[PDB]
Every structure is written in structure tokens, then in C-alpha cells.
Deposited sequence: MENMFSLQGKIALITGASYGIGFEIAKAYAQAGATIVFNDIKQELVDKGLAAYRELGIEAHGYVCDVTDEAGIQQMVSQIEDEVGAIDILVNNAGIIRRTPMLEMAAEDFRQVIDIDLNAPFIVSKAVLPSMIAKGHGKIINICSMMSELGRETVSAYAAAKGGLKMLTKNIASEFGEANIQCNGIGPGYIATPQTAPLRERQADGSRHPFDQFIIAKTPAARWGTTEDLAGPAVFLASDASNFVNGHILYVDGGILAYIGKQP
């Protein structure tokens, strides 16, 4: 009922694989029509194949999220071919891990441009049709780094701190037009790329368990409920809110000896 996404169209940026692709799966299972983009045709093609393998009829487009003219054209095409976008998930992103004193300004700027400026560009592009149709959701994928810092991730933390405030600002500016803009802030989600950090007692695995009241890594399934919730009519009075999905990390001082 209120948690259903039946009839709704969702654009999840960068959802050819990874967390975005998993959110798309959940959205599809909730009844949503799936639209996504990536920066090259090869990724879009492989993504579409992967969606087909799961029985999901997705719609994939090649576009750089930092390219405003391109994104505007993409949204127009989506409107022609699928329909007006009800839900935007700004998921596309990069991370760099570089000691700040060693990080080239060009690289800092790139992280900011993809992770902060691009969500503005894509939000701006989808908003007119959301406003016109009378309801819209914009969900920004934030981070623990929207709240806490760490050596080597200065650009990423700056971007994610910014993305948190862009969320609150979009909520503020467009709330009156029945737009709800919120964040999802994943904790440590176990993915194949970090499998060596969990090989059997691993120091890093221990660090994560000790930081986490839930005493485990998160999963992509852990993000499905929170993501569908924020995309659904069940959260229509949740606005400008960052929903952290972290097993309690941000609530806990940590497991001490």
C-alpha cells in the first residue's frame, strides 16, 4: 500500500552495477519502472543485460552526470520514452583516497564535481516535471563522511558534507511544491571489492565490528527498505532528512577494551 512504488518511474544515476543497481532491484520489486545512466555505452549495455537476467525491464541512457546539457537532453528523452520521473536517486559517484597534501587540486575538484555539483545538475533537470505533476522524491546517497572525517578522504568528505546540505536546501526550496528531498547514509557495506578486509579476525574487520553496535558489516539488502521508504508515499512528511543506515555507528562511542 503506502510503501508501494507501483506506477512510479525512478531514475537512479550510475546504476549499471553496485549499490545503485541493488537499489534499482529493490525499487523494481516494489513496482517501480527503472531508469538509469552511465558514462559509457558498454556499462549501460551490460547493466541492461543484468537487469534482463533478473526479469527487470530497465531503460538505460549514456550520460555524464556532470554534463548539464546532456542530462537535460536525457531527461527529455526519458519523458518521451518512459514518462515523467517520479523519483531521482543521486547515486553516481567516485571516491579517491589521497593524503590531502598529496592531492592535486584537479583531483579534489573532480570528486566535488561528480559527488556534489552533479547531484545539483540532475536534481535541477528533474524538478520542473516533478513540480508540474504534483509530487517528486529526490534521494541523495550520502555517507558516514557526511558527518565524520578521516585521513585521505578530504575531497570525499567535503563532497558528502555538501551533499547533505544540498539535500536540506532542496527540501527547503521545493518542499512547498510537494517535493521530498532526503538522504540515505550507508555505513560500512560489505561488497566484493572489500572481501580481503574480511578474510579470517582480519584487523580491519575487527575495527568495523568494534565501531558498530550491530556487530556486523551492512549489506545492500539493508539499504532496500530505507531506499523504498524514502521513495514511497509512506514518507511524504519526511523532508530534508538524512536517514543513516549504519547499524548504530554514528550513535556509538565504540567498543573499548
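Peer 1: Where the model has no C-alpha, note the corresponding stretch of the deposited sequence, numbering from 1.
Peer 2: Seq positions lacking coordinates: 1 to 2, 203 to 207.
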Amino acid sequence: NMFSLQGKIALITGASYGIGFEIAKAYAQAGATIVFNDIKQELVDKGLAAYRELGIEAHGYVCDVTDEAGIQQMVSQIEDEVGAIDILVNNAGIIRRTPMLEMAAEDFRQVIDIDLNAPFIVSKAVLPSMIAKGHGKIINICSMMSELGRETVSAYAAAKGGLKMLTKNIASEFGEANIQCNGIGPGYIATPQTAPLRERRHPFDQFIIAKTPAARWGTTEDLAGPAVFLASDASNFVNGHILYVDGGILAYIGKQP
From here on, numbers count along this sequence of modelled residues.
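Peer 1: Going by the mean C-alpha B-factor recorded in the entry, which is higher: 187 to 195 or 208 to 216?
Peer 2: Higher mean C-alpha B-factor: 187 to 195.
Peer 1: Which wins on mean Cα temperature factor, 30 to 38 or 221 to 229?
Peer 2: Comparing 30 to 38 with 221 to 229, the higher average CA B-factor belongs to 30 to 38.
Peer 1: Quiz for you: based on the deposited Cα B-factor, which of 160, 150, 97, 135 is highest?
Peer 2: Highest CA B-factor of the listed options: 97.
Peer 1: Once the chain's modelled residues are ordered by C-alpha B factor and cut into thirds, is residue 240 in the lowest, middle or highest one?
Peer 2: For residue 240, whose C-alpha B-factor we compare with every modelled residue in the chain, the answer is the lowest third.
Peer 1: What third of its chain, lowest, middle or highest, does the C-alpha temperature factor of residue 176 fall into?
Peer 2: For residue 176, whose C-alpha B-factor we compare with every modelled residue in the chain, the answer is the middle third.
Peer 1: Split into thirds by Cα B-factor across the chain's modelled residues, where does residue 18 land: lowest, middle or highest?
Peer 2: For residue 18, whose C-alpha B-factor we compare with every modelled residue in the chain, the answer is the highest third.
Peer 1: Within this chain's modelled residues, let me know which third the CA B factor of residue 104 belongs to: lowest, middle or highest.
Peer 2: Its C-alpha B-factor, which the entry lists for residue 104, ranks in the highest third among residues of this chain.
Peer 1: C-alpha B factor of residue 251, ranked within the chain: lowest, middle or highest third?
Peer 2: Residue 251: CA B-factor falls in the lowest third of its chain.
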